[PDB]
Amino acid sequence: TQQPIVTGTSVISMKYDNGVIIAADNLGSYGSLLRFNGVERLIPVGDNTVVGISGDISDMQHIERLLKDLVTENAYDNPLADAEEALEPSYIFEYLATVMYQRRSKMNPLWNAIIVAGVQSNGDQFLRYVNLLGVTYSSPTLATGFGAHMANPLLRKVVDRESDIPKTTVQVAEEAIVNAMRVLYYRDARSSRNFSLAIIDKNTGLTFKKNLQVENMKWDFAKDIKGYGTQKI
Amino acid sequence: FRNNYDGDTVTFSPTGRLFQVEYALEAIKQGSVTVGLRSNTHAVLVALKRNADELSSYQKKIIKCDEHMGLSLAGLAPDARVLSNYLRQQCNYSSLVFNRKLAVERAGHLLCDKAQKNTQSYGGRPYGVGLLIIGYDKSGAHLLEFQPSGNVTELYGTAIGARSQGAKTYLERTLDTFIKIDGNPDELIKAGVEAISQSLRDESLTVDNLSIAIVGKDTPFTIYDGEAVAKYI
Numbered sequence: 034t035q036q037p038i039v040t041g042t043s044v045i046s047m048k049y050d051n052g053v054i055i056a057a058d059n060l061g062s063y064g065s066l067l068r069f070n071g072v073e074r075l076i077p078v079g080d081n082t083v084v085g086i087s088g089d090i091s092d093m094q095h096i097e098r099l100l101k102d103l104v105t106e107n108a109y110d111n112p113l114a115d116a117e118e119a120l121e122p123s124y125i126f127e128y129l130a131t132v133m134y135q136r137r138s139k140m141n142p143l144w145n146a147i148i149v150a151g152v153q154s155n156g157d158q159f160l161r162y163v164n165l166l167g168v169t170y171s172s173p174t175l176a177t178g179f180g181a182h183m184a185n186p187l188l189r190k191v192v193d194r195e196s197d198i199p200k201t202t203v204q205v206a207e208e209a210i211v212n213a214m215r216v217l218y219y220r221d222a223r224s225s226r227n228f229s230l231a232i233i234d235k236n237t238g239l240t241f242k243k244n245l246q247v248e249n250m251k252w253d254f255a256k257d258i259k260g261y262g263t264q265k266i
Numbered sequence: 002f003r004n005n006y007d008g009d010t011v012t013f014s015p016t017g018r019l020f021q022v023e024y025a026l027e028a029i030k031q032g033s034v035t036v037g038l039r040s041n042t043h044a045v046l047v048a049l050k051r052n053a054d055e056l057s058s059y060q061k062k063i064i065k066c067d068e069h070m071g072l073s074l075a076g077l078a079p080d081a082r083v084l085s086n087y088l089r090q091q092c093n094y095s096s097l098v099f100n101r102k103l104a105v106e107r108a109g110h111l112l113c114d115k116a117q118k119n120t121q122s123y124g125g126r127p128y129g130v131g132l133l134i135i136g137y138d139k140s141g142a143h144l145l146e147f148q149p150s151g152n153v154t155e156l157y158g159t160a161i162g163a164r165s166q167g168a169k170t171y172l173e174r175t176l177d178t179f180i181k182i183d184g185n186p187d188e189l190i191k192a193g194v195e196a197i198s199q200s201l202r203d204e205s206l207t208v209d210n211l212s213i214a215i216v217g218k219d220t221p222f223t224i225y226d227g228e229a230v231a232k233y234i
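Protein chains in written order, with UniProt numbering: chain A, 34 to 266; chain B, 2 to 234.
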């Protein structure tokens, strides 16, 4: 049993007709201190998978190392490592899920909330969540922590059920996610304005965007607000 | 000579030989013949079951390791049980942890390594059994030949056991032919039975004497014994 020290906030994601999109800001908080700002919480594995991690950062770095090893190991005595026998998003997820549950069962968890986003070899979109309890689930949209309360409601307005996926384009999807990131910056006291976003399309492959920023924010109305009730000036 | 260097597997002879390993290999030759061959859609195992008395049963020679993999044995049955059981676990582990079916090539590597440990240490003994492994994985149909020396090889077809050389020359000749028997199991099986009968001498393959197994594209590894093999005698 432990307690998280340096932490990453929300990880939001959703699937569209040809793939999945996932994003996470670049902050590493230390309690209420917004300590680190160049933290990448989106971990690409191969070119068909991206693992988004929230929670304890030291554990995240540990999962990072685990992931690099999987790649190395899978390459050993594997002549089809970059083909039929390359790592699938579902393999990467089942692995992590396995680890997460074993660690909670030993009463020594990896204090994280993880979302694995990717495209299977047959083109199917893959989006599943696993956390420090070993709990797992899938949904057209998935968000961790804070984004579960504020991002899912927005993303679900785009893809409310399975039949909505084929009707959603990368543009609409990326738009929804980018807007969600802005909302999270408005109400989440542990968020950052900078973030990374990744897209895994069954055609265009993996697109990884770094150094994005929340833009087009509305703050002007703040000038018209004074006092907390009766004050006039 | 030999006598002074064949007391255990941990001793090299003056010529660089490992007699205990070679003696183990001899147990295979004394084993009943079995054949293996594959096309691009299927893989077949044909084994001649041997009986003790005419009041006894014909000992099973095919073991299923998973829905997509299995093997035939020639030599010490108990050793086949041990090795196949290890293979069952390895297949199982791959599924439970990575939600991935184990590659036939990987299974060959694991078997090679398990057998090797029993040829470099004192106290143990080499395994005294030969195995033919077939399976359908992410890269198609496969056939492997496992020797107690730890040497595993991938082939289009082969045979092991007493008088196996007959069937092997037949296959090495029928190559261009059977390798193209795609989409037609019964044809591949008949081809297998024709290869195995090339090693007969004592009797002729009967109903409770013939044993067949197949795996492929849309065929889960399954065993046919008795009445079920009649249509091939």
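We put the CB at the ideal spot given by N, CA and C, even for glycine.
Please classify residue i: is it buried, with 16 or more other beta-carbons within 10 angstroms of its beta-carbon, or exposed?
i	result
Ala209(A)	buried
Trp252(A)	exposed
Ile258(A)	exposed
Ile96(A)	buried
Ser165(B)	buried
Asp219(B)	exposed
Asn81(A)	buried
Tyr123(B)	exposed
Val208(B)	exposed
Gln35(A)	exposed
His69(B)	buried
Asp177(B)	exposed
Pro79(B)	exposed
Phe2(B)	exposed
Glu195(A)	exposed
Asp221(A)	buried
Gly61(A)	buried
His182(A)	exposed
Our contact map puts residue i next to residue j with C-beta atoms below 8 Å; I'd like the distance itself, whole angstroms only.
i	j	result
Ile213(B)	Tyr225(B)	5 Å
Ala75(B)	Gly32(B)	4 Å
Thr35(B)	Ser73(B)	4 Å
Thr240(A)	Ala231(A)	7 Å
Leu201(B)	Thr159(B)	Not quite, the Cβ-Cβ distance comes to about 17 Å (not below 8 Å), so this is no contact.
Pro127(B)	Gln199(B)	29 Å between Cβ atoms; not a contact.
Checking 9 Å against the spacing of the C-beta atoms, do residue i and residue j come in under that value?
i	j	result
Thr169(A)	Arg189(A)	no
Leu46(B)	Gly71(B)	yes
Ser43(A)	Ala206(A)	no
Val149(A)	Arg136(A)	no
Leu19(B)	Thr120(B)	yes
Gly156(A)	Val83(A)	no
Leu103(A)	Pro142(A)	no
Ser150(B)	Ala196(B)	no
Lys61(B)	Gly162(B)	no
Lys181(B)	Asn41(B)	yes
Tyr49(A)	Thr177(A)	no
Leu99(A)	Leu129(A)	yes
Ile45(A)	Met250(A)	no
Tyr137(B)	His43(B)	yes
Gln158(A)	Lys235(A)	yes
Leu77(B)	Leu206(B)	no
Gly52(A)	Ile233(A)	yes
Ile86(A)	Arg68(A)	no
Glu106(B)	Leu56(B)	no
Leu112(B)	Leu97(B)	no
Using a Cβ-Cβ cut-off of 6 Å (strictly less than) and excluding sequence neighbours within five positions of residue i, which residues of its own chain qualify?
i	result
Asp67(B)	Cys92
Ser224(A)	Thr42, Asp58, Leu217 and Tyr218
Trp144(A)	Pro37, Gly88, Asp89, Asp92 and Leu165
May I ask you to list the residues that DSSP assigns as paired with residue i?
i	result
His143(B)	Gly136(B)
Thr159(B)	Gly37(B)
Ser62(A)	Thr40(A)
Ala78(B)	Paired residues: none, contrary to the question.
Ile76(A)	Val84(A)
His43(B)	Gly217(B)
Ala108(B)	DSSP output for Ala108(B) lists no bridge partner at all.
Excluding the 5 residues preceding and the 5 following residue i in the sequence, name in chain order all residues of the same chain whose CB lies nearer than 8 Å to its CB.
i	result
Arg226(A)	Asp58, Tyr218, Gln246 and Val247
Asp183(B)	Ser40, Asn41, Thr42 and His43
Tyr6(B)	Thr12, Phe13, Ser14, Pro15, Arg18 and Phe20
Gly79(A)	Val104, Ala119 and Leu120
Residues in the same chain with beta-carbon distance under 7 Å from residue i, minus the five sequence neighbours each way, listed in chain order, please.
i	result
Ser95(B)	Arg101, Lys102 and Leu103
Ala255(A)	none
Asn111(A)	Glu118
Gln148(B)	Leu26 and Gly131
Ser85(B)	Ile64, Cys66 and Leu72
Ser58(B)	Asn52
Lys169(B)	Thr159 and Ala160
Answer yes or no: the CB of residue i versus the heavy atoms of the ligand NAP, is any distance below 8 Å?
i	result
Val149(A)	Only the bare structure without any ligand can be found here, which leaves the ligand NAP out of the picture.
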